[PDB]
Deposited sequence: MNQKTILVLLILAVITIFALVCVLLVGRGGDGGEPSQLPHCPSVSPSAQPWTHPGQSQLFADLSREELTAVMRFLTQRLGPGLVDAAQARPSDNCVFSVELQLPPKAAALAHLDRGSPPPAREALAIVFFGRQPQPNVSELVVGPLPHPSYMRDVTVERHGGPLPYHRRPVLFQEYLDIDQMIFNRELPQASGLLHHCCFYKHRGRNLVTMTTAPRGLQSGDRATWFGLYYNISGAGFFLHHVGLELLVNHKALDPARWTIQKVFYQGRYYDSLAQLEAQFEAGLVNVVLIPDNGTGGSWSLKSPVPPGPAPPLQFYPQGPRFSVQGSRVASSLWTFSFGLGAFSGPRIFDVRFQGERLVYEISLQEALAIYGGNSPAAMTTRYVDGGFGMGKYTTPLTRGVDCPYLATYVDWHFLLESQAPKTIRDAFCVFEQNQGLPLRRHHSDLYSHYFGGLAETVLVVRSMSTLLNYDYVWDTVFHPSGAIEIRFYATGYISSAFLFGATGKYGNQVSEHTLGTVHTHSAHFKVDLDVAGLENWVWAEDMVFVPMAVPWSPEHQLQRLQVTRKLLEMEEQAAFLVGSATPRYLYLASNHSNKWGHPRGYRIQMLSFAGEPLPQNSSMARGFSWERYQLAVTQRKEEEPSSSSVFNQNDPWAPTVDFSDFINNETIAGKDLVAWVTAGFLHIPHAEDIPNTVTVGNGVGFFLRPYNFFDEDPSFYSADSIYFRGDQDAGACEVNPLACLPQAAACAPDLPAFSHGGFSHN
């Protein structure tokens, strides 16, 4: 299993090694202060592609199996973040610092994600030292005494090098989302200092007005210059609960496998009579799929989530300057247990996921993946003939699915990899869970809708970026753009007459820039990566990229931070796959987008894409103005974005023709005979329910 994420054992063994090589003074990241040395991340380092294909397709031995550790080196004159590759696994022997090799220099220490212990320190400051200075105001507005909690925001500051975060204050609602109860107080905390003692509060926001400290605010209030409204800290309805007041009814439909599962899961490889592939989670990039072979032939080397991005508006400071680059938190790191029956079909197969993050010992997110077959209740294809000959032929589409979900504070991102029996691959991304809210005060008409009492549903956009490493019939691929045109010309057999003549238009895209399409501008209706090899009928074997996106307007290029997610400007882009261009974002962009650790636009640089090993990059998104129907959560309906990889002259005929599940009968046959029709042929056992728990 070349692409399997690191096991608990491998994780442990690399942490063992790291502790030896870094002579103590090394602290457990779970309790580390800024000036300490700690291990932040330890996870699988993906192998180089050539070495891997060598192994998979030519017997050649397995590329060394290595880990990548992210270390916070704060205990030194010039602190920094280092990426260290760790030696041959199962039993590590070397350690290699690749930081400069990759970035050209050190990683500025301020790009390091805010540690859990850091958030904790920030809270101690706010709750123990800063808030009690306004115990007057906070008593008359927010039942102060703790009853409140904080939620961090986007990039932290305004220039490269800043580490100042706007926090909102929310009623600490129990058993339900606190995100819907902003109490109207927002704090700009400056925690750039290595000594948490020197941490200050640069700004304060309350009801439309800014102050320089809480004392200054508490002042204006004791001076009777601030009007306070007692925000209720309790209620009933969707705003306050997630539990339905309605008794359970008869159960929803259930799918089972009459003659047992028709696929198997072995570690991280999945196999069905049609598909074999590997799956996993990057701690920061999230879901990924490797070595996808349809009936033994490889279509894609890699499909992987690169980044998720949320961009906000609002009439409060926190909201209006919020741009989450979710990889900076980690789609994998924040993956949550799948609730059997709700998040996946009850009889799905559920797999665990192991990680060493902000810790010194491995941990496991139980039931992190689900794999299952799903009857779509829909024909993959069908024809019914009443004309000339009486026959029916069709096939009910069943689909193979791998899924994980990431809960980043509020939102719960659902990541779907769907394998169709037609030879097609579908990548879906559903955004559910809670919205972010602001306190409703002022002229909120331009920044969202009132979505509850005191609650503003702030306008925003969601986008995600995907890496699509297709290797259509080998590595050397070309990209084609086919479309249509009408050409007015005389009717051959009656030349006085005209006719708008429909024509196909093909165009080879030979330079990276030609296959870079921007959000906003139109893209060709047919776009695919081809080999020079042809199918039986002499057409380039190709796989077509079809996008499902309602992408909202991307953050303006003029923004000094826009280059921390330059991929958001592109619908689709295609480039030469390079070992040095592994991902299009980085865990280090979130905290310093002004000095991006990777800038996707760098990948598009006047190179040829004619006959190379290419890699496609797809962006999918939508705009979101919140409405009442988002209370409790936002629903998945309509907000599914992503793309299809559809075969296009790749095969000689539709592979599903050879399906073991296809149905066919003529008029002169007994369609109710089981030897004519398998449908005419012929008490699920259900495991005890169990939940992954919490942390």
### Task
Compare what was deposited with what's modelled and send me the C-alpha-less stretches, numbered from 1.
1-57, 203-205, 743-748, 762-763
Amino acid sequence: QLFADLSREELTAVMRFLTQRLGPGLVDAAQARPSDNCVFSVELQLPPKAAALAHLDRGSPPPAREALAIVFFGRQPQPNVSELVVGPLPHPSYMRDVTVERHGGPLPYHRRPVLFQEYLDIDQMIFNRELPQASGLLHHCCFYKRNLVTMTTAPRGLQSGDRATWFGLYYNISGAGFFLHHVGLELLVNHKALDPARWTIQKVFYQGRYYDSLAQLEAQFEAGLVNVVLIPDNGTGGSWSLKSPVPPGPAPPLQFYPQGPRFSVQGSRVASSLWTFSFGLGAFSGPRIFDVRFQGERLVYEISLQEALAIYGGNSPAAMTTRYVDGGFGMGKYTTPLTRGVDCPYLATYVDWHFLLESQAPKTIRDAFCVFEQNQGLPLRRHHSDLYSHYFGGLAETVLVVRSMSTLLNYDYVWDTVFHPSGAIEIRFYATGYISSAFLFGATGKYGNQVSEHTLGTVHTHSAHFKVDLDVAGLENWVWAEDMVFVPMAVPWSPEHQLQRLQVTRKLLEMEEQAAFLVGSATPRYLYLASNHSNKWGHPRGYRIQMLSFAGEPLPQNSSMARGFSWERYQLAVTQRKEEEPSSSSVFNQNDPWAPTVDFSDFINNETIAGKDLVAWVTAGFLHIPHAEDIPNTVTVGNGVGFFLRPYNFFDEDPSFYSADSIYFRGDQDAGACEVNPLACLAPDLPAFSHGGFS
From here on, numbers count along this sequence of modelled residues.
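What we label the rigid core is the largest C-alpha set whose atoms superpose within 1.5 Å from one form to the other.
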### Query
in 8 other deposited structures of this protein, superposed by the rigid core, which stretch departs further from the shown form in CA positions, 117-125 or 228-236?
228-236
## Note on the structure
Comparing 207-215 with 505-513, larger root-mean-square C-alpha distance from this form in 8 other deposited structures of this protein, core superposed, belongs to 207-215
### Task
Could you check which stretch, 630-638 or 22-30, carries the larger mean CA temperature factor in the entry?
22-30
### Query
Mean C-alpha B factor from the entry: is it higher for 9-17 or for 683-691?
683-691
### Query
If you compare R111, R501, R323, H465, which has the highest Cα B-factor in the entry?
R501
### Query
Per the entry, which of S584, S304, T152, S531 tops the list for Cα B factor?
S531
### Query
Sorting the chain's CA B-factors, does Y210 end up in the lowest, middle or highest third?
highest
### Query
Among the chain's modelled residues, which third holds the C-alpha B-factor of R75?
highest
### Task
Pull the Cα B-factor of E358 out of the PDB entry and bin it into the chain's lowest, middle or highest third.
middle
### Query
Should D343 be placed in the lowest, middle or highest third of its chain by the C-alpha B factor in the entry?
lowest
#### Entry: CA B-factor placement of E496, once the chain's modelled residues are sorted into thirds
highest
